[PDB]
């Protein structure tokens, strides 16, 4: 199936994924297109940040859903 990621500057990318794909796998797929290290990526869907060790199915993510890519502004 295909899902989408709204990336950092206005564009969208298309990913080929399976429901059983792990969040880490998705992040790797995004790295392959965007060049952003998985450990820097945060992916938001339906108000949840997707966690490593979980799968797309775990989150009821269906075909043509969009993931929102954001990074971090670390502060104290």
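For the two forms, the rigid core is made up of the largest set of C-alpha atoms that agree within 1.5 Å on superposition. Positions refer to the first chain, counted from 1.
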ask   = Looking at C-alpha RMS in 8 other deposited structures of this protein with the core superposed, is it 7-15 or 20-28 that drifts more?
value = 7-15
note = Avg C-alpha B-factor, entry values, 61-69 vs 48-56, higher side is 48-56
request  = Using the B-factor values recorded in the entry, state whether the Cα atom of residue 42 falls in the lowest, middle or highest third among the modelled residues of its chain.
outcome  = lowest
query = Taking the C-alpha B-factors as the PDB entry records them, is residue 20 in the lowest, middle or highest third of its chain?
reply = highest
